[PDB]
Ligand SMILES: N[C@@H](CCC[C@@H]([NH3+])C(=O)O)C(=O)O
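So this first bit is one chain, no partners, the form deposited without 6-carboxylysine, shown in structure tokens.
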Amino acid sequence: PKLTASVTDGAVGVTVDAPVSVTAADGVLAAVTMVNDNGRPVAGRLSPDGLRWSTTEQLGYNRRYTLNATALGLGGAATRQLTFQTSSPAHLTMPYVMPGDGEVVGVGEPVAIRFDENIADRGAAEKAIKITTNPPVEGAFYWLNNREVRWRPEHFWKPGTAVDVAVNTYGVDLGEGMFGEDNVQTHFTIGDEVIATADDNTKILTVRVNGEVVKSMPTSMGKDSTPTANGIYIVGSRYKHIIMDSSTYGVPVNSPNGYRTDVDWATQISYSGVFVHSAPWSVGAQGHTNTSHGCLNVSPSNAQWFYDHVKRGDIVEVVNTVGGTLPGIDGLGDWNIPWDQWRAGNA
């Protein structure tokens, strides 16, 4: 009878991203036990036909295990002992995915994987991220910085699409001895198409649901001094009220363009600090003149309507302002990068 392990006796550097197995050939598996360096049994299952056995729980880094298996066929008996050592990472990194599990989002919500460390080997990271879509659509990876990678289609998601994201980084060398701290797996669905548009020509924020106008909001955006970049913004988090602090976006409150205001019904559409919010002090200007540092000022009535009917992932498109274009790597500006450049990636 012949025995076969998925590991070699004195091996060093056993990844641990996959389980350990043993197969019997011209016979059956009569006994299999794996134990770690400090003596505890690892736990595993033996298939019903008794031909294959595999560990059933997560194996650990910096571990020294030893396998003892015996196969006994009609002919005779065979036994082997193997002791190996798993990967001992130099450092550990944890990934966080967005959006949340079971969430329903807008058609512009990209898949997000953020590591709490810089990733030396992006290919290894990407390769370890499995994305399923239904109906299937072509998508690609692209890094916003050294820690966050994002995945999205060429055009906005088609409503009803299911997105499944499995980040199987546990046991994977993500570069320079950087190993995944664990796995994570979110799943979400794409809802109604909600595209709001802010035209600096009319200074109105038009909200379109499935191509139909359902709201027109007078608005005052950033003033010439500090305009609102034109472009496609992806709706992020929504707040019933929030103290906006310019220092959060790099501008000292005490500075000229600095500020700190407690506003209501605020929906964030830019990491640079742009929000669609209630601005009762400028309702006068709303619809006629820009007076903000960049945010889309709207009446308190419209900001709340916006908070109740807009979801993360929906889109806000700004056009014709005196500002430039929202940066592709902003954090919610993903759609401003040409598909051509995005699909090619930067791994």
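Residue indices: 1-based, along the sequence shown.
From this point on, the text means the form deposited with 6-carboxylysine bound, which you will not see here.
S.K.: In the entry with it bound, does residue 292 come within 4.5 Å of 6-carboxylysine, counting heavy atoms only?
M.R.: Answer yes; at least one heavy atom of residue 292 falls within 4.5 Å of 6-carboxylysine in the entry with it bound.
S.K.: Given that 6-carboxylysine is not shown alongside this chain, does residue 273 nevertheless sit within 4.5 Å of it in the entry with it bound, heavy atom to heavy atom?
M.R.: Within the cut-off, so yes.
S.K.: Answer yes if any heavy atom of residue 259 is within 4.5 Å of a heavy atom of 6-carboxylysine in the entry with it bound; otherwise answer no.
M.R.: Residue 259: yes, in contact with 6-carboxylysine in the entry with it bound.
S.K.: Report yes if any heavy atom of residue 277 sits within 4.5 Å of a heavy atom of 6-carboxylysine in the entry with it bound; otherwise report no.
M.R.: Yes, residue 277 sits close enough to 6-carboxylysine in the entry with it bound that at least one of its heavy atoms falls within 4.5 Å.
S.K.: Honest question, do 268, 326 and 335 all end up within 4.5 Å of 6-carboxylysine in the entry with it bound by heavy atom distance?
M.R.: Per the other structure, none of 268, 326 and 335 touch 6-carboxylysine.
S.K.: Work out which of 207, 204, 244, 165 lies within 4.5 Å of 6-carboxylysine in the entry with it bound, going by heavy atoms.
M.R.: Residue within 4.5 Å of the partner: 244.
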